[PDB]
Amino acid sequence: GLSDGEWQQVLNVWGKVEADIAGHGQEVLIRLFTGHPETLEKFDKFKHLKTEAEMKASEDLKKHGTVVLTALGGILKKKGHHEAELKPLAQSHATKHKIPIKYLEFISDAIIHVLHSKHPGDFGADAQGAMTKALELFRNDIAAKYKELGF
């Protein structure tokens, strides 16, 4: 449970994302891919990319970053009331793409990193705390369904 002041910081921060969704999207995935190359393996569409340069040039990659950040963006605006928006994602990532929870943690760290990088000194210590908390709630709720499903 984030406090109400906390959600407000989450959603204010995410305003910054929404002004350039595709740009943040791409950098998040890029940071994820170059930081944890095994994650590349989950994407047949992306397993071809070797170089950061290749990633940056890929318009598909930007597309997919937009998908991933709109989804998350939609979840966060539910302020924790995300059960329905969540079962789909959990059930598919666990038996289909077989995404370890670890990867959810990788992409969370990567959103944080991207935000500091795009917004140095506009991403305060409380906002950081709030965004981390939000990203933890989500992960923990996916983690619950994953246990249920035995992943």
# chains A, B, ... in the order shown; residues from 1 in each chain; ligands from 1

call {"tool": "select_by_dssp", "arguments": {"residues": "segment 22-132 of chain A", "states": "alpha helix (DSSP H)", "output": "mmCIF file with N, CA, C and O atoms, in the first residue's frame"}}
result
data_model
loop_
_atom_site.group_PDB
_atom_site.id
_atom_site.type_symbol
_atom_site.label_atom_id
_atom_site.label_comp_id
_atom_site.auth_asym_id
_atom_site.auth_seq_id
_atom_site.Cartn_x
_atom_site.Cartn_y
_atom_site.Cartn_z
ATOM 1 N N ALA A 22 7.539 6.563 -26.225
ATOM 2 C CA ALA A 22 8.361 5.735 -27.093
ATOM 3 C C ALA A 22 9.875 5.886 -26.802
ATOM 4 O O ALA A 22 10.652 4.934 -26.938
ATOM 5 N N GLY A 23 10.279 7.087 -26.421
ATOM 6 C CA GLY A 23 11.667 7.338 -26.085
ATOM 7 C C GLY A 23 12.078 6.654 -24.798
ATOM 8 O O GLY A 23 13.136 6.025 -24.754
ATOM 9 N N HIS A 24 11.243 6.799 -23.763
ATOM 10 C CA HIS A 24 11.447 6.128 -22.495
ATOM 11 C C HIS A 24 11.330 4.607 -22.706
ATOM 12 O O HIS A 24 12.100 3.837 -22.170
ATOM 13 N N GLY A 25 10.388 4.203 -23.539
ATOM 14 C CA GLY A 25 10.134 2.809 -23.806
ATOM 15 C C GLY A 25 11.403 2.160 -24.324
ATOM 16 O O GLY A 25 11.936 1.246 -23.691
ATOM 17 N N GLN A 26 11.892 2.685 -25.455
ATOM 18 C CA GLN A 26 13.109 2.195 -26.072
ATOM 19 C C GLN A 26 14.267 2.126 -25.104
ATOM 20 O O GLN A 26 14.945 1.087 -25.038
ATOM 21 N N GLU A 27 14.512 3.211 -24.364
ATOM 22 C CA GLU A 27 15.672 3.211 -23.418
ATOM 23 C C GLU A 27 15.564 2.209 -22.266
ATOM 24 O O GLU A 27 16.585 1.669 -21.786
ATOM 25 N N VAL A 28 14.340 1.996 -21.810
ATOM 26 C CA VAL A 28 14.111 0.998 -20.808
ATOM 27 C C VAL A 28 14.472 -0.362 -21.378
ATOM 28 O O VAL A 28 15.256 -1.081 -20.784
ATOM 29 N N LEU A 29 13.935 -0.694 -22.547
ATOM 30 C CA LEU A 29 14.253 -2.002 -23.113
ATOM 31 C C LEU A 29 15.713 -2.094 -23.423
ATOM 32 O O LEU A 29 16.342 -3.099 -23.095
ATOM 33 N N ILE A 30 16.275 -1.048 -24.011
ATOM 34 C CA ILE A 30 17.702 -1.078 -24.270
ATOM 35 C C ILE A 30 18.535 -1.320 -23.045
ATOM 36 O O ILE A 30 19.411 -2.213 -23.028
ATOM 37 N N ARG A 31 18.303 -0.520 -22.020
ATOM 38 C CA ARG A 31 18.978 -0.753 -20.754
ATOM 39 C C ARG A 31 18.784 -2.196 -20.248
ATOM 40 O O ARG A 31 19.733 -2.839 -19.748
ATOM 41 N N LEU A 32 17.605 -2.759 -20.457
ATOM 42 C CA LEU A 32 17.337 -4.141 -20.023
ATOM 43 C C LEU A 32 18.108 -5.173 -20.842
ATOM 44 O O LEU A 32 18.792 -6.085 -20.318
ATOM 45 N N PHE A 33 18.022 -5.006 -22.153
ATOM 46 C CA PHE A 33 18.749 -5.863 -23.062
ATOM 47 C C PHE A 33 20.271 -5.888 -22.921
ATOM 48 O O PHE A 33 20.866 -6.981 -22.926
ATOM 49 N N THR A 34 20.908 -4.728 -22.834
ATOM 50 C CA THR A 34 22.375 -4.663 -22.766
ATOM 51 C C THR A 34 22.869 -5.018 -21.361
ATOM 52 O O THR A 34 23.944 -5.609 -21.184
ATOM 53 N N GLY A 35 22.099 -4.638 -20.360
ATOM 54 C CA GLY A 35 22.349 -5.089 -18.993
ATOM 55 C C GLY A 35 22.121 -6.585 -18.674
ATOM 56 O O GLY A 35 22.760 -7.129 -17.774
ATOM 57 N N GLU A 52 24.047 -2.291 -29.196
ATOM 58 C CA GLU A 52 23.220 -1.224 -28.708
ATOM 59 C C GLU A 52 22.746 -0.379 -29.881
ATOM 60 O O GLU A 52 21.596 0.012 -29.960
ATOM 61 N N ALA A 53 23.655 -0.141 -30.811
ATOM 62 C CA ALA A 53 23.368 0.631 -31.991
ATOM 63 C C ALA A 53 22.201 0.023 -32.749
ATOM 64 O O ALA A 53 21.220 0.722 -33.018
ATOM 65 N N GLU A 54 22.303 -1.260 -33.091
ATOM 66 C CA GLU A 54 21.181 -1.986 -33.650
ATOM 67 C C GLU A 54 19.881 -1.753 -32.816
ATOM 68 O O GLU A 54 18.811 -1.495 -33.361
ATOM 69 N N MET A 55 19.969 -1.791 -31.494
ATOM 70 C CA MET A 55 18.747 -1.610 -30.699
ATOM 71 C C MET A 55 18.150 -0.258 -30.907
ATOM 72 O O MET A 55 16.969 -0.131 -31.127
ATOM 73 N N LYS A 56 18.992 0.752 -30.796
ATOM 74 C CA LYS A 56 18.574 2.134 -30.942
ATOM 75 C C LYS A 56 17.928 2.428 -32.316
ATOM 76 O O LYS A 56 17.047 3.295 -32.426
ATOM 77 N N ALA A 57 18.373 1.710 -33.348
ATOM 78 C CA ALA A 57 17.904 1.943 -34.705
ATOM 79 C C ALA A 57 16.616 1.209 -34.971
ATOM 80 O O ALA A 57 15.915 1.521 -35.931
ATOM 81 N N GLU A 59 13.007 0.249 -34.960
ATOM 82 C CA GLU A 59 11.712 0.878 -34.761
ATOM 83 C C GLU A 59 10.740 -0.074 -34.098
ATOM 84 O O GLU A 59 9.844 0.350 -33.387
ATOM 85 N N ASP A 60 10.920 -1.367 -34.329
ATOM 86 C CA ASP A 60 10.105 -2.394 -33.672
ATOM 87 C C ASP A 60 10.354 -2.338 -32.185
ATOM 88 O O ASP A 60 9.422 -2.454 -31.384
ATOM 89 N N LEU A 61 11.621 -2.149 -31.825
ATOM 90 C CA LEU A 61 12.000 -2.120 -30.444
ATOM 91 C C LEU A 61 11.315 -0.981 -29.710
ATOM 92 O O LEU A 61 10.792 -1.164 -28.616
ATOM 93 N N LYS A 62 11.287 0.176 -30.333
ATOM 94 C CA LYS A 62 10.537 1.352 -29.855
ATOM 95 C C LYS A 62 8.995 1.108 -29.700
ATOM 96 O O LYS A 62 8.385 1.332 -28.637
ATOM 97 N N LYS A 63 8.388 0.625 -30.773
ATOM 98 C CA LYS A 63 7.073 0.023 -30.680
ATOM 99 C C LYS A 63 6.919 -0.843 -29.438
ATOM 100 O O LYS A 63 6.106 -0.556 -28.604
ATOM 101 N N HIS A 64 7.693 -1.885 -29.267
ATOM 102 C CA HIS A 64 7.463 -2.747 -28.123
ATOM 103 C C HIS A 64 7.651 -2.037 -26.790
ATOM 104 O O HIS A 64 6.988 -2.372 -25.811
ATOM 105 N N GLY A 65 8.545 -1.048 -26.751
ATOM 106 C CA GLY A 65 8.771 -0.274 -25.505
ATOM 107 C C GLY A 65 7.508 0.533 -25.185
ATOM 108 O O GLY A 65 7.077 0.635 -24.050
ATOM 109 N N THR A 66 6.896 1.089 -26.215
ATOM 110 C CA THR A 66 5.623 1.760 -26.055
ATOM 111 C C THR A 66 4.492 0.832 -25.508
ATOM 112 O O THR A 66 3.712 1.219 -24.630
ATOM 113 N N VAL A 67 4.433 -0.404 -26.011
ATOM 114 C CA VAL A 67 3.492 -1.373 -25.515
ATOM 115 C C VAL A 67 3.711 -1.602 -24.049
ATOM 116 O O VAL A 67 2.765 -1.487 -23.268
ATOM 117 N N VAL A 68 4.955 -1.889 -23.669
ATOM 118 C CA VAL A 68 5.269 -2.274 -22.293
ATOM 119 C C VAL A 68 5.024 -1.124 -21.335
ATOM 120 O O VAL A 68 4.449 -1.321 -20.260
ATOM 121 N N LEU A 69 5.379 0.088 -21.737
ATOM 122 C CA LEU A 69 5.135 1.210 -20.838
ATOM 123 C C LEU A 69 3.684 1.722 -20.769
ATOM 124 O O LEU A 69 3.279 2.257 -19.729
ATOM 125 N N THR A 70 2.887 1.523 -21.818
ATOM 126 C CA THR A 70 1.446 1.848 -21.730
ATOM 127 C C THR A 70 0.746 0.892 -20.775
ATOM 128 O O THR A 70 -0.032 1.318 -19.934
ATOM 129 N N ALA A 71 1.037 -0.402 -20.895
ATOM 130 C CA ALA A 71 0.544 -1.436 -19.968
ATOM 131 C C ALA A 71 0.858 -1.091 -18.523
ATOM 132 O O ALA A 71 -0.012 -1.066 -17.639
ATOM 133 N N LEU A 72 2.112 -0.813 -18.263
ATOM 134 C CA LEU A 72 2.526 -0.543 -16.899
ATOM 135 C C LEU A 72 1.865 0.739 -16.488
ATOM 136 O O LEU A 72 1.379 0.873 -15.373
ATOM 137 N N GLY A 73 1.838 1.691 -17.418
ATOM 138 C CA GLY A 73 1.278 2.977 -17.133
ATOM 139 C C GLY A 73 -0.154 2.818 -16.736
ATOM 140 O O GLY A 73 -0.640 3.551 -15.901
ATOM 141 N N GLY A 74 -0.833 1.846 -17.339
ATOM 142 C CA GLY A 74 -2.259 1.633 -17.074
ATOM 143 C C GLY A 74 -2.415 1.019 -15.689
ATOM 144 O O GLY A 74 -3.296 1.432 -14.924
ATOM 145 N N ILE A 75 -1.547 0.062 -15.361
ATOM 146 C CA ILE A 75 -1.547 -0.571 -14.051
ATOM 147 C C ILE A 75 -1.349 0.432 -12.918
ATOM 148 O O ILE A 75 -2.082 0.426 -11.920
ATOM 149 N N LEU A 76 -0.351 1.291 -13.084
ATOM 150 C CA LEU A 76 0.007 2.230 -12.020
ATOM 151 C C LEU A 76 -1.158 3.160 -11.735
ATOM 152 O O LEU A 76 -1.382 3.510 -10.586
ATOM 153 N N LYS A 87 -3.900 -10.408 -13.910
ATOM 154 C CA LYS A 87 -4.070 -11.839 -14.144
ATOM 155 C C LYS A 87 -3.646 -12.216 -15.598
ATOM 156 O O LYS A 87 -2.774 -13.063 -15.782
ATOM 157 N N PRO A 88 -4.227 -11.564 -16.630
ATOM 158 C CA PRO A 88 -3.722 -11.750 -17.987
ATOM 159 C C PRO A 88 -2.207 -11.771 -18.062
ATOM 160 O O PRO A 88 -1.655 -12.770 -18.526
ATOM 161 N N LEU A 89 -1.556 -10.687 -17.623
ATOM 162 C CA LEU A 89 -0.098 -10.536 -17.767
ATOM 163 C C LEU A 89 0.646 -11.636 -17.035
ATOM 164 O O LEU A 89 1.623 -12.185 -17.549
ATOM 165 N N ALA A 90 0.154 -11.963 -15.845
ATOM 166 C CA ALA A 90 0.762 -12.980 -15.008
ATOM 167 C C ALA A 90 0.612 -14.355 -15.613
ATOM 168 O O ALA A 90 1.594 -15.082 -15.732
ATOM 169 N N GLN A 91 -0.615 -14.701 -16.005
ATOM 170 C CA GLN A 91 -0.905 -16.022 -16.554
ATOM 171 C C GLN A 91 -0.151 -16.296 -17.890
ATOM 172 O O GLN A 91 0.214 -17.446 -18.197
ATOM 173 N N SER A 92 0.088 -15.242 -18.675
ATOM 174 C CA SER A 92 0.748 -15.421 -19.948
ATOM 175 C C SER A 92 2.242 -15.456 -19.725
ATOM 176 O O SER A 92 2.936 -16.257 -20.319
ATOM 177 N N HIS A 93 2.754 -14.593 -18.863
ATOM 178 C CA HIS A 93 4.190 -14.564 -18.700
ATOM 179 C C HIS A 93 4.685 -15.854 -18.010
ATOM 180 O O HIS A 93 5.804 -16.287 -18.235
ATOM 181 N N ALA A 94 3.826 -16.500 -17.226
ATOM 182 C CA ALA A 94 4.247 -17.681 -16.432
ATOM 183 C C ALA A 94 4.225 -19.043 -17.133
ATOM 184 O O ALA A 94 5.094 -19.898 -16.884
ATOM 185 N N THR A 95 3.222 -19.265 -17.977
ATOM 186 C CA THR A 95 3.128 -20.536 -18.696
ATOM 187 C C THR A 95 3.512 -20.415 -20.190
ATOM 188 O O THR A 95 4.093 -21.339 -20.769
ATOM 189 N N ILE A 101 10.246 -13.959 -12.564
ATOM 190 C CA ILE A 101 9.991 -12.738 -11.824
ATOM 191 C C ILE A 101 11.256 -11.851 -11.801
ATOM 192 O O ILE A 101 11.156 -10.640 -11.910
ATOM 193 N N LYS A 102 12.421 -12.474 -11.696
ATOM 194 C CA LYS A 102 13.681 -11.783 -11.743
ATOM 195 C C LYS A 102 13.648 -10.716 -12.831
ATOM 196 O O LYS A 102 14.120 -9.627 -12.615
ATOM 197 N N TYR A 103 13.045 -11.028 -13.983
ATOM 198 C CA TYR A 103 13.037 -10.119 -15.113
ATOM 199 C C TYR A 103 12.166 -8.954 -14.825
ATOM 200 O O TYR A 103 12.356 -7.891 -15.410
ATOM 201 N N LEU A 104 11.160 -9.141 -13.979
ATOM 202 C CA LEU A 104 10.332 -8.014 -13.674
ATOM 203 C C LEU A 104 11.177 -7.097 -12.834
ATOM 204 O O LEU A 104 11.087 -5.869 -12.924
ATOM 205 N N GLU A 105 12.043 -7.682 -12.044
ATOM 206 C CA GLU A 105 12.887 -6.873 -11.207
ATOM 207 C C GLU A 105 13.934 -6.113 -12.034
ATOM 208 O O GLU A 105 14.197 -4.933 -11.769
ATOM 209 N N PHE A 106 14.499 -6.783 -13.035
ATOM 210 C CA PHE A 106 15.404 -6.140 -14.000
ATOM 211 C C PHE A 106 14.750 -4.937 -14.687
ATOM 212 O O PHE A 106 15.335 -3.905 -14.775
ATOM 213 N N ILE A 107 13.512 -5.049 -15.155
ATOM 214 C CA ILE A 107 12.908 -3.938 -15.844
ATOM 215 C C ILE A 107 12.540 -2.755 -14.956
ATOM 216 O O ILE A 107 12.617 -1.621 -15.413
ATOM 217 N N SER A 108 12.185 -3.039 -13.694
ATOM 218 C CA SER A 108 12.026 -2.024 -12.637
ATOM 219 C C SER A 108 13.239 -1.195 -12.334
ATOM 220 O O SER A 108 13.146 0.042 -12.291
ATOM 221 N N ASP A 109 14.365 -1.862 -12.067
ATOM 222 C CA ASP A 109 15.634 -1.171 -11.937
ATOM 223 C C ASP A 109 15.899 -0.337 -13.182
ATOM 224 O O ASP A 109 16.469 0.755 -13.103
ATOM 225 N N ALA A 110 15.539 -0.866 -14.341
ATOM 226 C CA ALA A 110 15.837 -0.163 -15.580
ATOM 227 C C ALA A 110 14.981 1.114 -15.783
ATOM 228 O O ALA A 110 15.441 2.094 -16.334
ATOM 229 N N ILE A 111 13.729 1.090 -15.359
ATOM 230 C CA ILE A 111 12.859 2.289 -15.388
ATOM 231 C C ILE A 111 13.444 3.395 -14.496
ATOM 232 O O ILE A 111 13.512 4.591 -14.874
ATOM 233 N N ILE A 112 13.911 2.986 -13.319
ATOM 234 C CA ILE A 112 14.579 3.876 -12.373
ATOM 235 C C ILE A 112 15.794 4.471 -13.008
ATOM 236 O O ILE A 112 15.909 5.676 -13.131
ATOM 237 N N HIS A 113 16.664 3.622 -13.517
ATOM 238 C CA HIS A 113 17.856 4.127 -14.132
ATOM 239 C C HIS A 113 17.526 5.109 -15.280
ATOM 240 O O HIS A 113 18.143 6.195 -15.382
ATOM 241 N N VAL A 114 16.588 4.729 -16.151
ATOM 242 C CA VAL A 114 16.233 5.590 -17.301
ATOM 243 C C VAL A 114 15.719 6.967 -16.861
ATOM 244 O O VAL A 114 16.147 8.002 -17.396
ATOM 245 N N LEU A 115 14.887 6.961 -15.834
ATOM 246 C CA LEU A 115 14.372 8.167 -15.282
ATOM 247 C C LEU A 115 15.455 9.058 -14.707
ATOM 248 O O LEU A 115 15.376 10.291 -14.831
ATOM 249 N N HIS A 116 16.488 8.478 -14.094
ATOM 250 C CA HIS A 116 17.550 9.357 -13.560
ATOM 251 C C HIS A 116 18.311 9.965 -14.743
ATOM 252 O O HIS A 116 18.709 11.141 -14.715
ATOM 253 N N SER A 117 18.476 9.141 -15.776
ATOM 254 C CA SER A 117 19.276 9.469 -16.942
ATOM 255 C C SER A 117 18.610 10.536 -17.803
ATOM 256 O O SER A 117 19.263 11.487 -18.266
ATOM 257 N N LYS A 118 17.304 10.416 -17.961
ATOM 258 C CA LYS A 118 16.569 11.384 -18.766
ATOM 259 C C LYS A 118 16.231 12.616 -17.941
ATOM 260 O O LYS A 118 16.156 13.720 -18.494
ATOM 261 N N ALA A 125 14.379 12.190 -4.281
ATOM 262 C CA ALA A 125 14.560 10.995 -3.459
ATOM 263 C C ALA A 125 13.220 10.374 -3.018
ATOM 264 O O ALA A 125 13.103 9.152 -2.879
ATOM 265 N N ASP A 126 12.226 11.237 -2.782
ATOM 266 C CA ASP A 126 10.873 10.746 -2.448
ATOM 267 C C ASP A 126 10.197 10.117 -3.668
ATOM 268 O O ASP A 126 9.695 9.018 -3.573
ATOM 269 N N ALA A 127 10.207 10.819 -4.802
ATOM 270 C CA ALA A 127 9.675 10.306 -6.039
ATOM 271 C C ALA A 127 10.318 8.944 -6.353
ATOM 272 O O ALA A 127 9.661 8.000 -6.741
ATOM 273 N N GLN A 128 11.614 8.860 -6.202
ATOM 274 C CA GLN A 128 12.290 7.600 -6.372
ATOM 275 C C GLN A 128 11.702 6.527 -5.455
ATOM 276 O O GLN A 128 11.309 5.459 -5.916
ATOM 277 N N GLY A 129 11.614 6.851 -4.163
ATOM 278 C CA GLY A 129 11.030 5.978 -3.153
ATOM 279 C C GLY A 129 9.623 5.540 -3.539
ATOM 280 O O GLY A 129 9.269 4.347 -3.440
ATOM 281 N N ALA A 130 8.813 6.490 -3.993
ATOM 282 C CA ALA A 130 7.454 6.161 -4.379
ATOM 283 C C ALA A 130 7.407 5.263 -5.616
ATOM 284 O O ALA A 130 6.723 4.238 -5.614
ATOM 285 N N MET A 131 8.118 5.642 -6.679
ATOM 286 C CA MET A 131 8.131 4.841 -7.863
ATOM 287 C C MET A 131 8.634 3.418 -7.549
ATOM 288 O O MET A 131 7.942 2.454 -7.898
ATOM 289 N N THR A 132 9.778 3.276 -6.854
ATOM 290 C CA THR A 132 10.238 1.933 -6.399
ATOM 291 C C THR A 132 9.145 1.114 -5.675
ATOM 292 O O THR A 132 8.916 -0.074 -5.977
#

call {"tool": "atom_distance", "arguments": {"atom1": "atom CA of residue 85 of chain A", "atom2": "atom CA of residue 123 of chain A"}}
result
27.3 Å

call {"tool": "residues_around", "arguments": {"residues": "residue 134 of chain A", "least_positions_apart": "6", "cutoff": "8 Å", "atoms": "only C-alpha atoms", "output": "PyMOL selection string"}}
result
chain A and resi 2+7+10+76

call {"tool": "write_last_selection", "arguments": {"atoms": "N, CA, C and O atoms", "output": "compact mmCIF listing (two decimals), in the first residue's frame"}}
result
# COMPACT_ATOMS: atom_id res chain seq x y z
N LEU A 2 0.83 2.01 -1.11
CA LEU A 2 1.45 3.31 -1.12
C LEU A 2 0.51 4.26 -0.42
O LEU A 2 -0.70 4.12 -0.54
N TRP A 7 1.18 7.56 -4.25
CA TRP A 7 0.59 7.44 -5.59
C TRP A 7 0.69 8.74 -6.36
O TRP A 7 1.08 8.75 -7.56
N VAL A 10 3.99 8.92 -7.62
CA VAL A 10 4.16 7.96 -8.73
C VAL A 10 3.57 8.55 -10.04
O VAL A 10 4.20 8.57 -11.12
N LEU A 76 -0.35 1.29 -13.08
CA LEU A 76 0.01 2.23 -12.02
C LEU A 76 -1.16 3.16 -11.74
O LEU A 76 -1.38 3.51 -10.59

call {"tool": "atom_distance", "arguments": {"atom1": "atom CA of residue 1 of chain A", "atom2": "atom CA of residue 13 of chain A"}}
result
17.7 Å

call {"tool": "atom_distance", "arguments": {"atom1": "atom CA of residue 48 of chain A", "atom2": "atom CA of residue 20 of chain A"}}
result
26.0 Å

call {"tool": "closest_residue", "arguments": {"among": "A:3, A:18, A:42, A:12", "to": "residue 122 of chain A", "atoms": "only C-alpha atoms"}}
result
A:12
